[PDB]
Amino acid sequence: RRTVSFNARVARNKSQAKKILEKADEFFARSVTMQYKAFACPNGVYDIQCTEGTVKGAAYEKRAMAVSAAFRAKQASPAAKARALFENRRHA
Amino acid sequence: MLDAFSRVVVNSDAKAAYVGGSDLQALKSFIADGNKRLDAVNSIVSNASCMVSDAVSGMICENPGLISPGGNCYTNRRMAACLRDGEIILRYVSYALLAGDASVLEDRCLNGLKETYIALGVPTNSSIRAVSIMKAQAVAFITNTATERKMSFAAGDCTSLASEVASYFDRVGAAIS
Amino acid sequence: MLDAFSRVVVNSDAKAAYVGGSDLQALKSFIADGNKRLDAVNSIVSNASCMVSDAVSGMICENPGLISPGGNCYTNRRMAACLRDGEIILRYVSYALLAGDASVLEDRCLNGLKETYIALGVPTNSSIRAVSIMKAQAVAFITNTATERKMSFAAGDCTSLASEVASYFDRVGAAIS
Amino acid sequence: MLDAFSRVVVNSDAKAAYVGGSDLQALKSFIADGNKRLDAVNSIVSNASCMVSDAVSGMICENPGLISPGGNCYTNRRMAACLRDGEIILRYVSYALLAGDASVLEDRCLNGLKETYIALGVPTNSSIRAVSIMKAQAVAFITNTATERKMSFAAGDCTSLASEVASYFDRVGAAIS
Amino acid sequence: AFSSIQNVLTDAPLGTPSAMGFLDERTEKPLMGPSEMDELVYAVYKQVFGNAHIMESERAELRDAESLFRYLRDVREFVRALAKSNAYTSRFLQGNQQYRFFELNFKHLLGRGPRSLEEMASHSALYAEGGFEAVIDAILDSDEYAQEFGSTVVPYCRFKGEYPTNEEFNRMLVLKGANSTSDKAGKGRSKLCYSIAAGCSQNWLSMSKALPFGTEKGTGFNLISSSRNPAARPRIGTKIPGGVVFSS
Amino acid sequence: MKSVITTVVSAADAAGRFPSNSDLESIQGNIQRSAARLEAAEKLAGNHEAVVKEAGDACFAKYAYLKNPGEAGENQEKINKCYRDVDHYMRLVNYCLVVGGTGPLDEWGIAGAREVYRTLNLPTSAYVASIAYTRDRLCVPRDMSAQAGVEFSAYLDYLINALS
Amino acid sequence: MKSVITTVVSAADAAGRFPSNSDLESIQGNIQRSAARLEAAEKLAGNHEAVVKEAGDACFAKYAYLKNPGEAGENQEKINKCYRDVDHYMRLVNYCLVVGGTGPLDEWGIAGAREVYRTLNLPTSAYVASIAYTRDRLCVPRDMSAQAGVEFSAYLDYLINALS
Amino acid sequence: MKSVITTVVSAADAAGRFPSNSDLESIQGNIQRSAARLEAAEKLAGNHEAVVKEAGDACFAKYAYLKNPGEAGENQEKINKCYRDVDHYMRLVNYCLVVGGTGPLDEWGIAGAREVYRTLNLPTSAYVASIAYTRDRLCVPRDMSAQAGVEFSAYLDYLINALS
Ligand SMILES: *C(=C)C1=C(C)[C@@H](Cc2[nH]c(/C=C3N=C(/C=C4\NC(=O)[C@H](C)[C@H]4[C@@H](*)C)C(C)=C\3CCC(=O)O)c(CCC(=O)O)c2C)NC1=O
Ligand SMILES: *[C@@H](C)[C@H]1/C(=C/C2=NC(=C\c3[nH]c(C[C@H]4NC(=O)C(C=C)=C4C)c(C)c3CCC(=O)O)/C(CCC(=O)O)=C2C)NC(=O)[C@@H]1C
Ligand SMILES: *[C@@H](C)[C@H]1/C(=C/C2=NC(=C\c3[nH]c(C[C@H]4NC(=O)C(C=C)=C4C)c(C)c3CCC(=O)O)/C(CCC(=O)O)=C2C)NC(=O)[C@@H]1C
Ligand SMILES: *[C@@H](C)[C@H]1/C(=C/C2=NC(=C\c3[nH]c(C[C@H]4NC(=O)C(C=C)=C4C)c(C)c3CCC(=O)O)/C(CCC(=O)O)=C2C)NC(=O)[C@@H]1C
Ligand SMILES: *[C@H](C)[C@H]1/C(=C/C2=NC(=C\c3[nH]c(C[C@H]4NC(=O)C(C=C)=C4C)c(C)c3CCC(=O)O)/C(CCC(=O)O)=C2C)NC(=O)[C@@H]1C
Ligand SMILES: *[C@H](C)[C@H]1/C(=C/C2=NC(=C\c3[nH]c(C[C@H]4NC(=O)C(C=C)=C4C)c(C)c3CCC(=O)O)/C(CCC(=O)O)=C2C)NC(=O)[C@@H]1C
Ligand SMILES: *[C@H](C)[C@H]1/C(=C/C2=NC(=C\c3[nH]c(C[C@H]4NC(=O)C(C=C)=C4C)c(C)c3CCC(=O)O)/C(CCC(=O)O)=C2C)NC(=O)[C@@H]1C
Ligand SMILES: *[C@H](C)[C@H]1/C(=C/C2=NC(=C\c3[nH]c(C[C@H]4NC(=O)C(C=C)=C4C)c(C)c3CCC(=O)O)/C(CCC(=O)O)=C2C)NC(=O)[C@@H]1C
Ligand SMILES: *[C@H](C)[C@H]1/C(=C/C2=NC(=C\c3[nH]c(C[C@H]4NC(=O)C(C=C)=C4C)c(C)c3CCC(=O)O)/C(CCC(=O)O)=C2C)NC(=O)[C@@H]1C
Ligand SMILES: C=CC1=C(C)[C@@H](Cc2[nH]c(/C=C3N=C(/C=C4\NC(=O)[C@H](C)[C@H]4CC)C(C)=C\3CCC(=O)O)c(CCC(=O)O)c2C)NC1=O
Ligand SMILES: C=CC1=C(C)[C@@H](Cc2[nH]c(/C=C3N=C(/C=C4\NC(=O)[C@H](C)[C@H]4CC)C(C)=C\3CCC(=O)O)c(CCC(=O)O)c2C)NC1=O
Ligand SMILES: C=CC1=C(C)[C@@H](Cc2[nH]c(/C=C3N=C(/C=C4\NC(=O)[C@H](C)[C@H]4CC)C(C)=C\3CCC(=O)O)c(CCC(=O)O)c2C)NC1=O
Ligand SMILES: C=CC1=C(C)[C@@H](Cc2[nH]c(/C=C3N=C(/C=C4\NC(=O)[C@H](C)[C@H]4CC)C(C)=C\3CCC(=O)O)c(CCC(=O)O)c2C)NC1=O
Ligand SMILES: C=CC1=C(C)[C@@H](Cc2[nH]c(/C=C3N=C(/C=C4\NC(=O)[C@H](C)[C@H]4CC)C(C)=C\3CCC(=O)O)c(CCC(=O)O)c2C)NC1=O
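Per the PDB record, the structure was determined using cryo-EM to 2.8 Å resolution.

Chain E carries the name LR2 in the PDB entry, which gives Porphyridium purpureum as its organism. This structure appears in the PDB under the title "Structure of the phycobilisome from the red alga Porphyridium purpureum".

For chain A, the PDB entry supplies the name LR4 and the organism Porphyridium purpureum.

Next up, the structure:
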């Protein structure tokens, strides 16, 4: 009840400011993924490179495989989390 | 905040079952050893200031860098707070042993304890030891096999209740890990 | 508050005396018929919703100028606050029948009540009649002499329990007089 | 609150005067003997725990009915509250000796103290006796004429600080009488 | 800071289970559930409103602050939402004087009485710059509210032992009455108003009606006057060996 | 949940105290009444669909106007939902006999029920006429025990005072 | 005054409820465990001179340093105040065995005792050594009954724990 | 009292402010509308005993079970109390037309409504069976004005919304 671990109205500040450095970083992610697709197929005609599906309606089958292979990047250990931060920075 | 009589009914509102003759044998085997449970709870709370102080000082003599400068139990302000903390943990496990249900320990004590220790730097490798010292001292005072303080009991078997209060110290050491 | 065992302790601490063998024949004869204290406090709080309603409705039928404008239980906000005041008076009597002493009735209810019932314009001469109607109804529940609600009891007497609670309704009935 | 320099400028504010060289020769000797005012108050706060417990237990010695059943220093509950109170009184007269004006003792400690004591039941004739022991043991530390505990001072008279603090202890008796 | 009355002769203060649910990753609090939740709400209604005994169609306008109290389990936010209600200003602001409203804010939200005229006049300095909500949020966001209650417990009337003025204990005992009293019995007028602005004290029988059971409530009254004479200079002398010394 | 065990360990936690001797004395009273308040719950599990079928068709004996249109039970799917809300209470009377307290009654079947039965225009005074039909039809010396009668009837009388 | 009755109605008043059917079971444990704590209490009342004569000199056989100049028992009224303060403590142990809870101990003997005994240099380890002497002086078929020794040696080491 | 003059000066007193132009613009609504709601105040105060003779029996011509023994109106002297209690609602619907608000309706008739009708078992859905008959007997041209029929049928269904 002492010793400023106990607090209020900064407690709802921090849950509404850690997202502001998070979901204004997926606006960075959703529009730097778009940046190299504005040079891959840079016109309305699609390239040979941007093919997802070939057959069978398999674009859904990779959509089931895309959203659960990037589920397995936040489903990673804290020793594996910090390896993804200090060395992808050094590649950047 | 549920006791062991209030666990069989919250497993039965999901089915909306009238609780009848099936699961009432499990509560008649609660009041058979009810005086065995009451004789077991009283033995912890009669030795509780010695159970804490042997545990926390045994953590120092098993890990002598805790009282170095920079250590977590270094100064008198910090040493009083660890003794305060283990007196809360032994109080909340004894609430769970009397009720027969771990839902007095997990909500009022274990909710947020893992994030608080890493926010304060309190190391969990010593508190897994000092919880597990008084885990082994709790089954001595139940099964009367302690070295000192042979308490007076009635002759029967209490090795189910000693193992049941071992599981409440497994719920502590899982959560603070 | 003090119950009926703690009254005997604070009498003997005035003497600085141990509670001997002479006072314990009034406390072994408290718990001897002490089933009947539990077997008759149950037959107030089972009928206590109807008991507050028949109390104040008979307060109207003998002072019919209470519902006149200017009278105290005239409107709907005052008739509701009169109804819950019979609930609080009946609640702290049923604590004191459970405790054996009027300590929780006098400190937590009657302290400062006539001081404030003149400060709100409550007519205390007809508030006494509110208490004494439900005094008469409670002592015939315990005696099991009511017309309706013949609650099945065990055979004997509760003639002293009927008169201990009639002393409790006369404590509130003398406090606001 | 005020100190000894603030007391002079509220006297001159009633006449809208300037604090000139006629009025300043009392304040020029308050700073001239100002080393001895500091030298006297750590003669008191260095001995303050011995001073309280001797004064409270020396009041029990001349009045043994304070610790019998019905005295107001009877149990551990009441005796620790008496020991706390004599430490509060000695704290506020060490503030007043340091300032050189009894303002802060009179509004914070002593204002309204007589009405607390006649509501809680505290005897005020024996409470004056505990203050009058610690008045007499405060002039012994200042003039260095105590029977144990000679402290190391420099030579001269502190006979006007010893009677200034004796008048601060006399205001406590005048306010609870 | 020992205080011989507090957890001995009174009860223990009510409140939420802990303050560590705020730092939890997957909850907000040890969740009580609606048997041990609403009996905490019974002690906030009894403390903030006095014993006003609000009806069913007066409790129906506080449904929005209760439904938020069972989501955020903060007790400071529930007290703040109940003091800006219509049911708090129609009982303590509407038909009362200004220092009656101020002396009940110290009772309902701090458990003490005001210690000064200077502390009381600064509460009317906040009325001029924001009305009554500037008084209420400055009590709630103070340091004195933080280091006694926090978000965890109901703001109860605390026997401290080490009050910063002795008069603060006296005005606390007049404001908090006995059980089954309320805050409407004096017709709008402030009880402590003459003693704050003059610097005098209270009446001993009004304080000792509110003391707990087991505290010698009222003895000690000599049958002469109950207050002190500020103009009296008594002679109090001590015996030395030779004579009697009047160190005055 | 309101039980006899949850009171004495929340009153110990509120003062920061270990479970002392007066708490363990109160668990000893739970061992005494468990031969009667548990034996009555055993009888209210197999004979439950003949006391719930005695009640509601004699609820409509005193209340004849509830089969009229504009009132509650004007079509057949509401009477079958009127037999649901008494099987919802006898399942909750059966639970609080098992746990000892008034926990399953007060925080499931009582809390909020003043406002649903106000807004949805259902009369509370036919629930009082139907729960009390299970009180006076209950006799002791054939069906259940002596102290199983006084525990069952004290739990039918709890929510009679809560609905009124 | 924490008793069994003065806790179940200090929780019935904290929520504004009647005497519950929970709390009528907690006084049914007051009927069962009375006859071991009354018979432990009545044995202490006719034997109290002999048990506090033995408990008091267990302090002074152990701690001979207390008669030194400035220590706790340095003159004869301090020895008389030592045997008074262990006559007081086991009188409160006799009181706790009547009301059934630890109420008379922690209101009249324990509250304040950390602050009183520190200021007057009375050692806590000499107070413990007198009370822990008579905790294992108890002989469970000889002195009192089997369960009566459980009640009497529950309040003893409640006092040894709260002092230490 | 909740009306338009008090609401703008309670909010001015809550903020420590002088009455400014926001407040004076609202009392101009108490000039253009207040000519119309005294047309129903003058209409009701000379007609009301011919209303509550005819309003009240339409409850009984909707609910004839109240005169049965065990119910509320089982004798003639509680029919007179039934006819009295609706004239309180008619006098308070007259009083709220005059101040122009819900001010003396709620604190004199609706505060404490659910409490005193549930203990006395006066069912609240038969108080609305009289006033919904009164709301449908108010005809538009003959009884009062078109704007007076709006304000008379704006306080009738404040009360039958707060009675359910
Ligand atoms: C530091 C050098 C050091 C210690 C301190 C000590 C810590 C420790 N103690 C045990 C064992 C027990 N603790 C017990 C409890 C008590 N002992 C008593 O005599 C009284 C009655 C009471 C409180 C003071 C008991 C009875 C034991 C013996 C085992 C048992 O429980 O019966 C351990 C062992 C825990 C384990 O390894 O299982 C430790 C680490 N040891 C130190 O090295
Ligand atoms: C703590 C021991 C200090 C200390 C304090 C001094 N006490 C002084 C005088 C004094 N003390 C008592 C109480 C004593 N007398 C008793 O009869 C009893 C028991 C019943 C006790 C405990 C009294 C009554 C007095 C005299 C006051 C008076 O006359 O009214 C004192 C004054 C001078 C002196 O005697 O030394 C001091 C300084 N003495 C110490 O040295 C340690 C630091
Ligand atoms: C009467 C109470 C004594 C006594 C007192 C004298 N003290 C004198 C001087 C003195 N005392 C101190 C220490 C004091 N000053 C501080 O600033 C602080 C703390 C920050 C303390 C505790 C000092 C520094 C001095 C000044 C001398 C020096 O610097 O060494 C003193 C001399 C008169 C004067 O200069 O004021 C006297 C007479 N001596 C006695 O015999 C009685 C018992
Ligand atoms: C008949 C059409 C009703 C019905 C009516 C009954 N009401 C009874 C008593 C009663 N009514 C009121 C409320 C009334 N008094 C006020 O001052 C105001 C607002 C200003 C109102 C609306 C009160 C407070 C009471 C109780 C006190 C009294 O009798 O004066 C009543 C008698 C019951 C009794 O004996 O207490 C009856 C029969 N009951 C019905 O079933 C239909 C719907
Ligand atoms: C002791 C065996 C540990 C240890 C403990 C320390 N804990 C410190 C502070 C602290 N601990 C808690 C958790 C405690 N409070 C509760 O309410 C409950 C259960 C419901 C528990 C377990 C809290 C909330 C706090 C913060 C409050 C405070 O600081 O007083 C602490 C002091 C940290 C500091 O001084 O900053 C210590 C030393 N440390 C150890 O080495 C062993 C493993
Ligand atoms: C396992 C820990 C022990 C052992 C335990 C047994 N204890 C038995 C009985 C027993 N204990 C008590 C006292 C207990 N009941 C209470 O109501 C309270 C406090 C309020 C306490 C502390 C009683 C009354 C009894 C019942 C026997 C009697 O009345 O004399 C027991 C017998 C069976 C049972 O009733 O539980 C056993 C086996 N004995 C052992 O072998 C280990 C060491
Ligand atoms: C000891 C020398 C006396 C004595 C003292 C007792 N005082 C008791 C309570 C108490 N005392 C005060 C005043 C004190 N507190 C302050 O904050 C200030 C000024 C800053 C002062 C002077 C207060 C306010 C209180 C009540 C607050 C509380 O303790 O919670 C007391 C307890 C009475 C009881 O248990 O009923 C005692 C025994 N009594 C004596 O006999 C000697 C003479
Ligand atoms: C009914 C249409 C829904 C439904 C509703 C439930 N809502 C529950 C809690 C709840 N509701 C709100 C929103 C509302 N309350 C407010 O105070 C405000 C803002 C002023 C709004 C818009 C909140 C904030 C809460 C949380 C507070 C609380 O715990 O009551 C609720 C209870 C759940 C619970 O107890 O945790 C229910 C059942 N749920 C449904 O299934 C239907 C569709
Ligand atoms: C004997 C085992 C001790 C010892 C004790 C001394 N105690 C002294 C005083 C004392 N004892 C108590 C607690 C006692 N009083 C009560 O009223 C109650 C409960 C009802 C209890 C348990 C108190 C409060 C006091 C202080 C006040 C007084 O004089 O009565 C004492 C005298 C203190 C002094 O020397 O100034 C002694 C010597 N002596 C021993 O050697 C062992 C440790
Ligand atoms: C003016 C209008 C008017 C009334 C409303 C009633 C009110 C009323 N009822 C009773 C009288 C009673 N009240 C009850 C109580 C109950 N009876 C039951 O059947 C239920 C079980 C339980 C709650 C309703 C009993 C049992 C009596 C009879 C006296 C008795 O046996 O105690 C008494 C007598 C009390 C006394 O003598 O002081 C009065 C005034 N009488 C009136 O003249
Ligand atoms: C948890 C809740 C709880 C209760 C409700 C009571 C239930 C209860 N009442 C009695 C028992 C009894 N009850 C009565 C009382 C009466 N008989 C009469 O004819 C009088 C009208 C009425 C007086 C008020 C009597 C006379 C006994 C038996 C004698 C006794 O032991 O007191 C008994 C003992 C069994 C028996 O002796 O038959 C029990 C268990 N006890 C509890 O623990
Ligand atoms: C724990 C102690 C305790 C009590 C005993 C009651 C006492 C009590 N009653 C009322 C308040 C009241 N009490 C009555 C009671 C009556 N008027 C009558 O005509 C009858 C004779 C009598 C009971 C039937 C009425 C009518 C009011 C309402 C007065 C008002 O609204 O101002 C109030 C003021 C509450 C408030 O509004 O702030 C208090 C403290 N409440 C308590 O807290
Ligand atoms: C646990 C809940 C429970 C109840 C509330 C009662 C209710 C109840 N009563 C009867 C059925 C019966 N119950 C009785 C008993 C009696 N009739 C009297 O008037 C005497 C006072 C009393 C003797 C003790 C009789 C005679 C019948 C058959 C007649 C009937 O239909 O009521 C039945 C049909 C099956 C059966 O007989 O048990 C049920 C469920 N029984 C229960 O199991
Ligand atoms: C009120 C509670 C109460 C007690 C706790 C005891 C405490 C106690 N024990 C003994 C005294 C004794 N008690 C015993 C019994 C035993 N000693 C042992 O070594 C064995 C462990 C045990 C046998 C089982 C013996 C042998 C004596 C005599 C030795 C002595 O003088 O202490 C005496 C002296 C009186 C006497 O000799 O009988 C007292 C007061 N008596 C009480 O009245």
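There's more to say after this.
Asker: Teacher, can you tell me more about the overall build of chain E here?
Answerer: The helix and strand inventory of chain E stands at 13 helices and two strands. Judged by the C-alpha coordinates and their principal axes, chain E covers about 80 × 40 × 35 Å. The contacts of chain E with a sequence gap of at least 6 include a subset with a gap of at least 24, amounting to 68%. Accessible area for chain E stands at about 11400 Å²; split by element, carbon and sulfur atoms hold 52% of it. For chain E, the distance from the average site of its 29 positive side-chain charges to the average site of its 29 negative ones is 10 Å.

Asker: Help me understand the interface of chain D and chain G in this model?
Answerer: By convention, interface size is frequently given as the accessible area that disappears when the constituent parts associate. Between chain D and chain G, the residue contacts involve nine residues of the former and 17 residues of the latter. The largest contributions to the chain D side of the interface with chain G come from D:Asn76, D:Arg77 and D:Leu83, which together make up 45% of the buried area. If you tally residues by element for the side of chain D that touches chain G, the top one is helix 5 (residues 76–99) of chain D, at five residues. Partitioned by chemical class, the residues of the side of chain D that touches chain G number five nonpolar, three polar and one charged.

Asker: Honestly, the arrangement of the chains in this entry has me stumped. Any pointers?
Answerer: The two units chain B and chain C never meet; even their closest C-alpha atoms stay 21 Å apart. Across all C-alpha pairs, the smallest distance from chain A to chain H is 25 Å, and the two are not in contact.

Asker: What is the right way to read helix 5 (residues 48–60) of chain H from this model?
Answerer: One full turn of an α-helix is made of 3.6 residues, so residues set three or four places apart face in the same direction. Residues and elements named next belong to chain H. Over its 13 residues, helix 5 extends 19 Å from the first C-alpha to the last, a length consistent with the 18 Å expected when each residue adds 1.5 Å. Within helix 5, burial applies to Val52, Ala55, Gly56, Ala58, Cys59 and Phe60. Buried residues belonging to helix 5 abut helix 6 (76–99) and helix 9 (128–137).

Asker: I would appreciate a short explanation of the environment of G:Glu54 in the present structure.
Answerer: Residue and element names in this part refer to chain G. Tracing the chain through its elements places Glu54 in helix 6 (residues 48–62). Given the relative accessible area of 33%, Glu54 is considered partly exposed. Contacts of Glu54, omitting those with residues within four sequence positions, involve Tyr133 and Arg137. Among the polar contacts made by the side chain of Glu54, one reaches the side chain of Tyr133 at a distance of 3.0 Å.

Asker: Looking at this structure, I do not really get the site of ligand 4. What am I missing?
Answerer: Taken together, 21 residues sit near ligand 4, with C:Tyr74, H:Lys78, H:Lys81, H:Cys82 and H:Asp85 positioned nearest. Near ligand 4, the surrounding residues are drawn from chains C and H. At 2.9 Å from an oxygen atom of ligand 4 is found a main-chain nitrogen or oxygen belonging to C:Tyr74. A total of 880 Å² of accessible area belongs to ligand 4 in isolation, and the protein chains cover 94% of it. It is helix 6 of chain H that provides the largest number of residues to the shell around ligand 4, a total of seven residues.

Asker: I tried to follow the interface of chain B and chain F on my own but got confused; where do I start?
Answerer: With 36 residues of chain B at the contact, the number on the chain F side is 33 residues. Between chain B and chain F lies a buried interface of about 3100 Å² when both sides are counted; carbon and sulfur atoms form 70% of it. When the buried area of chain B at its contact with chain F is split by residue, B:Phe5, B:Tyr18 and B:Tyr95 rank highest and sum to 24% of it. Counting across the interface, chain B meets chain F through two salt bridges. One salt bridge connects F:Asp13 with B:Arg91, and the closest N-O pair in it is separated by 3.7 Å. Counting the contacts that link chain B with chain F gives twelve residue pairs in polar contact. Breaking the side of chain B that touches chain F down by element, the ones donating at least two residues are helix 1 (25–28), helix 2 (34–45) and helix 4 (76–99) of chain B. Residue contributions to the side of chain B that touches chain F peak at eight residues, all from helix 4 of chain B.

What counts, and at which threshold
Residues numbered from 1 in each chain as written, not as in the entry; some residues may be left out. Chains lettered and ligands numbered in written order. Part of a larger assembly, values for the part shown. Heavy atoms only, no water. Helix = DSSP H or I, 4+ residues; strand = E, 2+ residues; numbered from the N terminus. Contact = heavy atoms within 4.5 Å. Areas by Shrake-Rupley, 256 points an atom, 1.4 Å probe, with all protein chains shown as cover. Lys, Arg positive; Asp, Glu negative; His and termini not counted. Charge placed at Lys NZ, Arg CZ, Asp CG, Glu CD. Buried area = accessible area lost by both parts, 1.4 Å probe. Nonpolar A, V, L, I, M, F, W, Y, C, P; charged D, E, K, R; others polar. Expected span 1.5 Å × (residues − 1). Buried < 20%, exposed > 50% of the residue type's maximum accessible area, 1.4 Å probe, protein only. Polar contact = N/O pair within 3.5 Å; in protein donor to acceptor, adjacent residues only side chain to side chain. Near = heavy atom within 4 Å. Salt bridge = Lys/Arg side-chain N within 4 Å of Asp/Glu carboxyl O.

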